[PDB]
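One chain comes next, on its own, written as structure tokens: the form deposited in one PDB entry.
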């Protein structure tokens, strides 16, 4: 079986590696997330750009910026497309944190993503076929 913390960390680890940064099953789910983000990058690029816009990051504003974006994303409900977008957003925040010399924020972002998944997303995933439902389509 999977671990939500493992999934978040593999995804962030991958997105940092893409941009040339070294940091530090759940694997199949992480690979599924990469496939789904790639897919959405070819079709929902404006929506991804609009979420990542207004990312002005400082260590004392990082959490509030994360919370505002993710709370707007899920305020009127959860679907699989919003879960994909949540991963894309957290990844972008992690690479922007490294680009702007705020590399201590990467593990905080991984923690906020892990807590948010577990407290606000996990029951929806479980009620709607588990990670398997998602892996079945994009795996």
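Numbering follows the first chain given and starts at 1. Rigid core here is just the name for the largest C-alpha set that superposes within 1.5 Å across the two forms.
Counting the unmodelled positions of the deposited sequence between residue 24 and residue 25 gives a long gap of 10 or more residues. Relative to one another, 67-75 and 26-34 have unequal mean CA B-factors, and 26-34 is the one with the higher figure. In this crystal structure, the stretch out of 37-45 and 51-59 whose C-alpha atoms carry the higher mean B factor is 51-59.
Among all modelled residues in its chain, residue 14 ranks in the highest third by Cα B-factor. Ranked by C-alpha B-factor against the other modelled residues of its chain, residue 111 falls in the middle third. Sort the chain's modelled residues by C-alpha temperature factor and residue 94 lands in the middle third, per the entry.
Keep in mind that the form deposited in another entry is not shown, yet the notes after this line are about it.
Only 44, out of 89, 74, 44, 112, shows a C-alpha shift of 2 Å or more between the shown form and the other one on alignment of the rigid core.
In that other deposited form, the separation between the C-alpha atoms of residue 48 and residue 123 grows by 3 Å or more relative to the displayed form. Cα-Cα spacing of residue 95 to residue 49 is reduced in that other deposited form versus the present form (difference of at least 3 Å).
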